[PDB]
Structures are given as structure tokens and as C-alpha cells.
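Here is the structure we will look at.
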Amino acid sequence: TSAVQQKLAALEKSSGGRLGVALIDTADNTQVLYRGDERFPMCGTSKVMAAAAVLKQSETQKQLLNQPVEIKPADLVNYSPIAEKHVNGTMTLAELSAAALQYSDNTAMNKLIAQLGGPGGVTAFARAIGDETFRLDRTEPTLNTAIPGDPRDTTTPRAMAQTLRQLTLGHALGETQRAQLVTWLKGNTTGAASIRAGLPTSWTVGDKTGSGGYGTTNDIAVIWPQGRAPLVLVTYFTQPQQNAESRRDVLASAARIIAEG
Ligand SMILES: C=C1CS[C@H]([C@H](NC(=O)/C(=N/OC)c2csc(N)n2)C(=O)O)N=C1C(=O)O
């Protein structure tokens, strides 16, 4: 195994948990994988697929992102800091996508899922763009239970990195849609301690975090260094104890190890 894989394996061993990494370097389209074909609970990193699926819908329904969506008291689930500010009012699908992506808003994700016809509508878009691995099975908040061995609401690092590349750097989405997703990811507020923390601060990053049961702590990112082609990096992490604490430091250190090599 490679030098970078030995360092990631050592980071994993020091952490007590299970680490999954996929890097795509688009300069030479080379890859670094660590447990790259293992399934991991996506938690909120699945919100990228849901937001992109609604963006795909907007390529035919041109005004879709401006459509108001009612926020009812019954719709509110925990960890919905934006949607809770609009109960008994409305948010547009663009505002709900930005809330889901940039504040990890769970109610906002549920509105995206409903716009897509349920969790099967999110999986549907994954399959449409060639991702045979992603599966969304539940709504918020239960999709983050992150139970060991449970295949629901999982993907592999290899699949998610390839999908994130297609959605942002590729053209799985239309031109305005692709640029909109990139802007949303670049404006994420929840990732300062995760992949971003392990990379040189001159680099531009768009990312989406996730967290859940079993101390599951995730981040998926597109990375624009100055002077070289972009990178796609997925870092998934999960732990043996159901009540384990989040470990965003592991994602930061994984990104740092990757950036070194
Ligand atoms: C900032 C947050 C927290 S709310 C969101 C969501 N996670 C949960 O609601 C969750 N469910 O637990 C069963 C959770 C959050 S913290 C913990 N120990 N568990 C998600 O991942 O979509 N995501 C992020 C994030 O890190 O991006």
C-alpha cells in the first residue's frame, strides 16, 4: 500500500473508529482510496444529492427554485435552524436548498425529499447520473441513525467522490444549475472544523458535512487549489459506540494527509 494509505491507516488506528476516504485529482484523474468500497452512513452529505435532484428538475421547470413552500409546525424536525424561522410562513425551493446545504437544516432536506416524491426520488437521480451505489431510504431525522452494518442511507467513498465530481466539475447538471450548486457548497457554514481545517487557507473549498449516530462525522468537498486542477475529496468517519462524540478532527487530519501527498 502507498505512503498516503499508511498514514490514513495510522490516523484510523489512532482514532478508534472506521475511516473512509476517496480523492480524485482531476489533473491526471488519479485516485487515492481508503476503504473506498466500504459502505458508510451518509447522514447530511446526502443533502447534496437531494439538492442536485431538485436542480435537475429546474432545468425543465425554469421557475422551480422560486416556488414558495409552506413550512408547517408539523414539518419541523430537530436541527432546523432556518426552517424554524419560517414556520407558519413559506420558503422558496432555492432558500430551502441553501438552508439544507449551508446550515445542515433537516426540515429543509425533508422539503427537498417531498419535492422529489420521497427518498426513492433522491436515489432515482443518483441512478440517472450513473451512481449505482448511493441509496436514500428514510427522511430526516432517522436517515442519520448510522447503525453499523445497516445498508440504509449509505454509499461508498469512491461512488460519492465520482458523483460529487460529476455534479460540480462535470455536467450532470445544466450550466446554471451546476454553478448554483458550486456557489451553495462554497458558502457552507458548517465545515470550518472538517476538511477545510486540514487544507492550506489559500485553497477554495465547497463542502457539505454530515453527522449522526455512532459518532458519525462526514464531509465531502470540491477543492480548488491555486495553480493546479481541482480535487474531489470524500471523508467519512464512524465509531463503535452508539453515543460516540463527533470527531471532525479526523476529517481535518485526513484532508491534511491527502494534501501532503
Ligand atoms: C450540523 C449538523 C447537525 S444536524 C445535521 C444532520 N444530523 C443530525 O440531525 C444528527 N442526527 O443524529 C441522529 C446528528 C447531528 S450531530 C449528531 N451526533 N447527530 C445531518 O447530518 O444531516 N448535520 C449536521 C452536520 O454535521 O452537517
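In terms of PDB author numbering, the sequence shown is residues 26 to 57, 59 to 238, 240 to 252, 254 to 289. C-beta atoms are modelled at their ideal positions from N, C-alpha and C, and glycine is treated no differently.
{"Check": "Quick check on residue 68: does DSSP put it in helix, strand or coil?", "Outcome": "coil"}
{"Check": "Please classify residue 130 as buried or exposed, where buried requires at least 16 neighbouring CB atoms within 10 angstroms.", "Outcome": "buried"}
{"Check": "Given a cut-off of 8 Å on the beta-carbon distance, is the pair residue 148 and residue 248 in contact?", "Outcome": "no"}
{"Check": "How many angstroms separate the CA atom of residue 259 from the CA atom of residue 138?", "Outcome": "27 Å"}
{"Check": "Any idea what DSSP makes of residue 13, helix, strand or coil?", "Outcome": "With the chain running from 26 to 289 in the structure shown, residue 13 is simply not present."}
{"Check": "List, from N- to C-terminal side, the beta strand (DSSP E) runs of 3 residues or more that fit wholly inside the stretch 152-217.", "Outcome": "none"}
{"Check": "Would you call the CB atoms of residue 268 and residue 70 closer than 8 Å?", "Outcome": "no"}
{"Check": "Could you check which residue in 88, 113 and 163 has the C-alpha nearest to that of residue 120?", "Outcome": "88"}
{"Check": "Under the three-state reduction of DSSP, which class applies to residue 86: helix, strand or coil?", "Outcome": "coil"}
{"Check": "With residue 234 as the anchor, note down where its beta strand (DSSP E) starts and where it stops.", "Outcome": "230-238"}
{"Check": "Are the beta-carbon atoms of residue 44 and residue 282 separated by less than 8 Å?", "Outcome": "yes"}
{"Check": "For residue 118, which residues in the same chain have their Cβ closer than 8 Å to its Cβ, ignoring the five residues on either side in sequence?", "Outcome": "91, 92, 93, 94 and 95"}
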